[PDB]
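> part one of the complex, untouched from its place in the assembly:
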Amino acid sequence: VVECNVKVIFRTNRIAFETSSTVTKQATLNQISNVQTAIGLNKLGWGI
Amino acid sequence: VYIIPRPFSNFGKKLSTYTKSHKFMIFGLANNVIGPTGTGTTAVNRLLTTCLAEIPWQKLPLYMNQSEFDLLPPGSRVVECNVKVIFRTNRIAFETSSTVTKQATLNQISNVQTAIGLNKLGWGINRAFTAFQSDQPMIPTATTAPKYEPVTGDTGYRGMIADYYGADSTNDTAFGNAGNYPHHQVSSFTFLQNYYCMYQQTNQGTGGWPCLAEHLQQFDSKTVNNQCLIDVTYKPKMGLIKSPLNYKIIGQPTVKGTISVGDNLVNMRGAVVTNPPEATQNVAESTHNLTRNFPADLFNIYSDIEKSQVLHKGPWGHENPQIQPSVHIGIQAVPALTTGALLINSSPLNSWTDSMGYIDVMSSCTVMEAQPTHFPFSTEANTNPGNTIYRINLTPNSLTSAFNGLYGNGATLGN
Amino acid sequence: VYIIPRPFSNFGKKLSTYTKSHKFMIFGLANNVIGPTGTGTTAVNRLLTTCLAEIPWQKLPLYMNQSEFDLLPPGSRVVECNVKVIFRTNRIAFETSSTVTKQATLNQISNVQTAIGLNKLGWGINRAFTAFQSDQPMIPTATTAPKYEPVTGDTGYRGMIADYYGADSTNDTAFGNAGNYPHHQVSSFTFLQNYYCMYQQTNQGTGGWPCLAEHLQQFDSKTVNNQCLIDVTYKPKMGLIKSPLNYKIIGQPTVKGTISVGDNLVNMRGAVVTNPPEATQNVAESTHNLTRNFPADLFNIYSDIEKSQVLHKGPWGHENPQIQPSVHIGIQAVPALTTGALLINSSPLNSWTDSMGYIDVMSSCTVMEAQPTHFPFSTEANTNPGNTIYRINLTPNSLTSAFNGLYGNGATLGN
């Protein structure tokens, strides 16, 4: 293998809608989410 | 000098045009869990399924209705005909039910996908209309002969023609608070009753599912939205769509001295041809071809309702003593199925949110012709063998496009 | 907008090249007293002989050896291949013997002669290897099937392959103080074991010996010396030199719905063809042709040592459902035989001074190919009928070039 690449696009995310009122979890049309990417960590840092 | 000027009968050419704004609807058929052999006859075979709905830009009725077709003079041929479609939008459900699995969401991620040649050109089959599943009901289940004409097990379903146009001022089955509506004539949505898929069996030949993905494009719907993604057209290689013109038998010696044999040594090829691939194998195939040549002049259609008959007849209508080949391209519009929000535990993906796309399609075509006569008392339109036209008959279907290529259409009937 | 970019598997193409400096030797075969029928089967026929040695720029081994050939992937085809030769010089004997006739001389008059197309294109036959004469021993005597591969009456002589390359680290017959040497690999002269000549019988057809002289050029050797007189090349019309690529049987309807018949009305020619000249006569000939068309897909080679198999296979390998023709040109290098100084009384010319020419020949070629696969789990390289290739089989040899043209090679075996 000479070189090999990956490119990714945050095509989008989807978050649920509590109908259930139940619990706790108040139902909302609001949405606050946030992507997070990372590279070397894996190999290079302190993890698994 | 003084030349006495000759006569002339210039027979003009009618050339019409037709259009129609169809409002088609597709469903996001969940990347159709392949159904094994649609028939108890091919039993050991399967169909990888797509939602790629098929726009019948080859069945005459997409372009014109009964009358318009009905009224075309003999020798009427479709010149060119086009389709342009607009991803007018798609709609995806909203799980209220919490039930199951399928977490309720105001989110939405869907994506259009169109494709052209695949059909005809690639390795697949249009097998559609179907028979299928309960909630998370987008994958389907019963294959079936694709429906263009109307089908019936005494009750009947369908009628492309009537789907777009309604019935006759008198026809019962339609007309009615509740029966077969004029749709097109009064804007209505109607579905694109055929989707497309790929066939393949088990052992007499084998290696895996080829890659559709690299033969159809996919857009982020919302992006491509309200924008037209189709607009390809076809100028049929031979679209004589009404019984041809009769050449008249009134010349002279032997060619009407008698109705005998008038044959001659030309030294140039003049008959239609045939390939018969001898597939035989013992762990991956071994073929053999044998060109078969054959005849010519008997008719083109009959039932009159053979408007629901195919368009490009390049493989059987040899015009005059010569030859040629080619297949009408094919075209598909649709949205990959929206996946349910199946939380946590899904580590199979098989829950599918119902979603329907409203694709706006306009179809048009030309077809045209002459009505000449070269004999003073001859009744009918008339020409000469110079062209006369000629068909090439066979026991079964001629190139049954409802079953996959080898570029031209095999002449036999699938599933 | 946002199109999701499709996949791609670009399978690269291996393209190699090969060369080799062969050191060939020719003899001035005395304008070969024609030998009557080399076989007790054609008994009444003859061969006007030339010294024109044949450079086998058509037998794969002239270009590459075992391994290189051996290691070519399926679908490997020779692209082009060339030969250039240099009249490195010739040597003529010196009669010491006074004996006979042949007056001793430090004089020398010799002359090179080369020729191209003759072979294939003209009216002759490569019949060589031979069986011959005592001093003034350049004319020869026994015709014989030309040797490229190895021949044997249990003892064996030859091996083009091994002549150039030697044996295997273990093979006895070679390797040894004295057995089958690596020649090429360690510069050695070796002979051009085939010379060329013309055939012709007695009564079923007749008029005399045509004129070779006007189909080969002759130089004053010494002039042309150490200068290359050949350098022509051939780009084979169809040089698939390794078993082709298998088209896989995994598309869909009928084409694998079953392994049945999938045939179709194309209306275009798609099968290989055949001429069968009906030579019949009563004092100079009378012919009749009858085009025969035929089949296609079974294999290309087997014994693996079919590297000693021919190069341009234009008359039998139809690639995909279509067609074509043509023959690899042919090439000859040599010196007209030096005449003895046969004084006074010679009023027949038949005394010939032994002389040998060292012609320096370099051969090269390209051959190349791909190794693609379009099915996810398919084992082997694989393509599609789109091309698949197809051979056309027969009982005897296909175009047995070792017996003279009619441009293409008759398919039957001579002498």
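Sure thing, it's come through. Residues are numbered from 1 along each chain as shown, chains lettered A, B, ... in the order given.
> which stretches of chain A form helices?
For chain A, the helices defined by DSSP state H cover A:41-44.
> might you enumerate the residues of it proximal to chain B?
Within chain A, the positions adjacent to chain B are A:11, A:12, A:13, A:14, A:15, A:16, A:17, A:19, A:20, A:29, A:31 by CB under 8 Å from any CB of the partner chain. Where C-beta positions appear, they are placed from N, C-alpha and C, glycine not excepted.
> quick one: the fourth one from residue A:31, how far?
The span separating residue A:14 from residue A:31 equals 9 Å under the rule CB to CB, to the nearest Å.
> of these two, which one has the most company?
Comparing residue A:14 with residue A:31 by other CB atoms under 10 Å in any protein chain shown, the one with more neighbours is residue A:14, at 16 against 13.
> and the more buried one, how close does it get to chain C?
17 Å (CB to the nearest CB, to the nearest Å).
> chain neighbours aside, what residue packs nearest to that residue?
In this structure, residue A:14 finds its nearest non-sequential neighbour in residue B:107, 3.5 Å apart by CB to CB, 6 or more residues apart in numbering or on different chains.
> list the contacts of residue A:14.
The contact partners of residue A:14, by CB atoms under 8 Å, 6 or more residues apart in numbering or on different chains, come to B:105, B:107, B:108, B:109, B:341.
> and these, which is closest to chain A?
Set against chain A, the nearest of the contacts of residue A:14 by CB to the nearest CB is residue B:107 (3.5 Å).
> pick out the residue in chain A sitting closest to chain B.
residue A:14 (3.5 Å).
> give me the phi and psi for that residue.
For residue A:14, the backbone dihedrals are phi -130, psi 140 (criterion: degrees, to the nearest 10).
> just residue A:35 next, same as before
phi -60, psi 160.
> wait, it touches residue A:10, no?
Yes: with contacts counted by CB atoms under 8 Å, residue A:35 reaches residue A:10, the gap being 5.1 Å.
> all strands for chain A, in order.
For chain A, no strands are identified by DSSP state E.
> number of residues surrounding residue A:15?
14.
> my read: it touches residue A:31, true?
Yes: using CB under 8 Å, residue A:15 makes contact with residue A:31 at a distance of 5.3 Å.
> quick one, what contacts residue A:16?
Counting by CB under 8 Å, 6+ apart, residue A:16 makes contact with B:103, B:104, B:105, B:341, B:343.
> can you do 10 Å?
A:25, A:27-28, A:31, B:95, B:98, B:103-107, B:341, B:343 (CB atoms under 10 Å, 6 or more residues apart in numbering or on different chains).
> which two in those residues are spaced the farthest apart?
Based on CB to CB, the longest span within the contacts of residue A:16 runs between A:31 and B:98 and measures 18.5 Å.
> grab the most central residue of chain A for me.
Nearest to the geometric centre of chain A sits residue A:35, at 5.2 Å (CA atoms, centre = their mean).
> ends of stretch A:13-29, what's the gap?
Start-to-end span of stretch A:13-29 (CA to CA, to the nearest Å) is 15 Å.
> equivalent analysis for stretch A:6-16, please.
Distance between the two ends of stretch A:6-16: 29 Å, counting by CA to CA.
> return the set of buried residues in it.
Under the neighbour-count criterion of 16 or more other CB atoms under 10 Å in any protein chain shown, stretch A:6-16 has A:14, A:16 buried.
> to the structure above, add chain D:
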Amino acid sequence: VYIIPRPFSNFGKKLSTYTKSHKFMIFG
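One more chain to add, chain D, which I have set with the ones above:
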């Protein structure tokens, strides 16, 4: 002068390429 030109076997290099559009899903 006159050098007799040596042989040569240039073995070419296959060099392919591959791609694929995967559609992956993550959970928060």
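> since we added chain D, can you redo the contacts of residue A:14?
A:31, A:33, B:103, B:105-109, B:338-339, B:341, D:25, D:28.
> go on, residue A:27?
Taking CB under 10 Å, 6+ apart, we find residue A:27 in contact with A:16, A:17, A:18, A:19, A:20, A:21, B:104.
> what's the answer for residue A:11, then?
Listed by CB under 10 Å, 6+ apart, the contact set of residue A:11 reads B:109, B:111, B:220, C:2, C:4, D:23, D:24, D:25.
> and what of residue A:19?
Each residue near residue A:19 by CB under 10 Å, 6+ apart is listed here: A:27, B:94, B:95, B:96, B:97, B:98, B:103, B:104.
> rerun that using 7 Å as the cut-off
Residues counted as contacts of residue A:19 (CB atoms under 7 Å, 6 or more residues apart in numbering or on different chains) are A:27, B:96, B:98, B:104.
> just the residues you listed now: which is nearest chain D?
Among these, and counting by CB to the nearest CB, the member closest to chain D is residue B:104, at 16.2 Å.
> what is the burial count for residue A:17?
Each residue near residue A:17 was counted by other CB under 10 Å, and the total is 21.
> would you enumerate the residues in contact with it?
Here residue A:17 is in contact with A:27, B:104, B:105, B:106 (CB under 7 Å, 6+ apart).
> and with 8 Å instead?
By CB under 8 Å, 6+ apart, the residues touching residue A:17 are A:27, A:28, A:29, B:103, B:104, B:105, B:106.
> not counting its own residues, what contacts stretch A:40-48?
Outside stretch A:40-48, not one residue touches it by CB under 8 Å, 6+ apart.
> gap between that stretch and the chain center?
In this view, stretch A:40-48 has its centroid 19 Å away from the chain centroid, taken as CA atoms, centre = their mean, to the nearest Å.
> now do stretch A:35-48
Relative to its parent chain, stretch A:35-48 has a centroid offset of 14 Å by CA atoms, centre = their mean.
> and residue A:28, how many neighbours?
Using other CB under 10 Å, residue A:28 is surrounded by 12 other residues.
> verify the contact between it and residue A:21 for me.
No: using CB under 8 Å, residue A:28 is not in contact with residue A:21; the gap is 11.1 Å.
> next, count neighbours for residue A:24.
Counted by other CB under 10 Å, the residues lying close to residue A:24 total 7.
> from the chain's centroid, how far away is stretch A:30-37?
7 Å.
> that stretch vs chain D: in contact?
Yes: counting by CB under 8 Å from any CB, chain D is contacted by stretch A:30-37 at residue A:33.
> what's that stretch in contact with?
Identification of contacts with stretch A:30-37 by CB under 8 Å, 6+ apart yields A:10, A:13, A:15, B:106, D:28.
> for chain A, list the residue farthest from the centre, please.
residue A:2 (30.7 Å).
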